[PDB]
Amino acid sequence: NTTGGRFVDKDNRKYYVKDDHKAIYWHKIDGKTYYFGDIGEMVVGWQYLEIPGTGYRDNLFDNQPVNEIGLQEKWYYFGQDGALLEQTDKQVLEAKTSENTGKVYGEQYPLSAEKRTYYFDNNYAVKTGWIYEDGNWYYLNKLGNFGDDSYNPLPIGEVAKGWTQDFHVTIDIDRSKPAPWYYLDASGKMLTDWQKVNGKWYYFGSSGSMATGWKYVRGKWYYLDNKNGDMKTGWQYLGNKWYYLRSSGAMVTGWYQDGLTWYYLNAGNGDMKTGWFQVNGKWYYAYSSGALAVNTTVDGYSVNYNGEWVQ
């Protein structure tokens, strides 16, 4: 809905001039969309820009006041003629790098030899977050890289690999909502269920989020590191109680012999018993270590080689 002007080539740049004024920011001109920056120079290729459509960065010329406004920035792709690529699905394009973005018409730069598939949202920006493609989940980076002032938006929209936190994010991370961990393999596919990574087991479940703490999977209990997710084995002191986890990770219940020493792990909860306890109508005594007293006396009461109380 911008009309009555014309494109002008001047000083190795391209402008759109109407009634003697230069177009700035976003314009829809004769069925195509262009962006002319803060002083009129038409952009080409990859651009990280304030979102169009509100009116505050739209249909504006450089003789008009430019409002203060807070708008998220997103990645957009423009042709070499300045026309916005109005894609809402996906398209293979030159990879955005440090040397092919923020360019204007008239500027020379190398087209990336590397091409990648970029995904787009319904408003022609590069899509971020979770997408489902041909039977798998992929994560498109919502965030760029930080480095003490050094924000680089380049990784946004790119396929994530490896260990990745899914933050709630608009302009910035919302550090009040949860940010679960995921693991994407070498092609970006989200892993589920049990996976061994850097020598340790993790459980990602059906939804892909990395489990922490206690988790019941296929009829057995496992303990994943409360912070780091890695699966524990052996004896573990958790919540002021000992538990014994097999080499497979599965929690033990009932009687368990470590070397010569017997321990009793509570039938349901799995916690190691100490003191006097009953099992199937028999009395047994475990020391503070968990070790079953056998062939000896305890507070006047004697116990046989099975550890059972004898009258």
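Take the two forms, find the largest set of C-alpha atoms that superpose within 1.5 Å, and that set is the rigid core. Numbering starts at 1 and runs along the sequence shown.
In summary, of the stretches 48 to 56 and 278 to 286, 278 to 286 shows the greater Cα distance from the shown form in 6 other deposited structures of this protein, with structures fitted on the rigid core. After superposition on the rigid core, the larger root-mean-square Cα deviation in 6 other deposited structures of this protein belongs to 107 to 115, not to the other of 94 to 102 and 107 to 115.
In at least a third of the other compared PDB entries of this protein that cover both flanking sides, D172 is left without coordinates.
Per the PDB record, of the two stretches 163 to 171 and 181 to 189, 163 to 171 carries the greater mean B-factor over its C-alpha atoms. As listed in the deposited structure, the average C-alpha B-factor of 110 to 118 and of 85 to 93 is greater for 110 to 118.
When the Cα B-factors of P65, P52, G31, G254 are read from the PDB record, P65 comes out highest. Sorting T128, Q195, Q80, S176 by the CA temperature factor given in the entry leaves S176 at the top.
Per the PDB record, residue ranking by Cα B-factor puts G147 in the highest third of the chain. In the deposited entry, the Cα temperature factor of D230 sits in the bottom third of values across the chain's modelled residues.
For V294, the recorded CA temperature factor ranks within the middle third of the chain's modelled residues. When the CA B factors of the chain's modelled residues are split into thirds, the value for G239 lands in the highest one.
For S98, the recorded CA temperature factor ranks within the highest third of the chain's modelled residues.
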